[PDB]
């Protein structure tokens, strides 16, 4: 094609009125395939067995829970922010994560494009196409998919991440993926639980654990503006919850996105919002 390395001249067309191929129930193309690799490293870290996929004319969404059933994951890729998107209607698919694990891990910088196709022809087949433009090499995966495991709680977890319900969480801040990784990797060296504490007002955010007669650790954020922290905790009121380290380390080590928004409420539930390009990743740990 056009090479200097191949110069990537891709157009972000978004949602199309009709597919290129007539039997396509879904046509997806994206110029950032590493998004899918990091997403499924996250699914691997969570030891998720099955990935629920919902395709609508506007976006595709991947649902999953971790093995310990504590964390819920909702990853939606917006069709208007990708290079090519069409979906005929609302249909669902089920993918075994172990089957596609190595396929997603095979994504490297030699692939400038990922294509996903589902056809009425093969109702139990999902096509994944990775394209190497340096040598015009097309790598096509034929993945056998099933009709979805119902999991009716997804109707309640998609409501839990609504913006009406989100702007009432009293404590929120932002970490880079590097910062979230460092905090919860260092914490995992000594503890499985960490206390998150914040006094009402302009006091620092505190993360700490205490072990008598050996080691106590306290990490304190003395400038709330530098982590985009906002708090609605009443003055002279103490916000204090304990959260598990394991699932947060799984998301942090996956490095799925650039920045990560952390939202906390008083009964211990956290929400992690990791938005990058076309991918909006939400983690609900209850």
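Numbering follows the first chain given and starts at 1.
In this crystal structure, the stretch out of 38-46 and 229-237 whose C-alpha atoms carry the higher mean B factor is 229-237. For the pair 110-118 and 156-164, the mean B factor over Cα atoms is greater in 156-164.
The PDB entry assigns the greatest CA B-factor among 60, 245, 51, 256 to 256. Across 210, 203, 195, 88, the entry's maximum B-factor at the CA atom is seen for 88.
Sort the chain's modelled residues by C-alpha temperature factor and residue 134 lands in the middle third, per the entry. Residue 66: CA B factor in the highest third of modelled residues in this chain (values from the PDB entry). When the modelled residues of the chain are ordered by C-alpha B-factor, residue 92 sits in the middle third.
Per the PDB record, residue ranking by Cα B-factor puts residue 150 in the highest third of the chain.
Remark: residue 83 belongs to the highest third of its chain, ranked by C-alpha B-factor as recorded.
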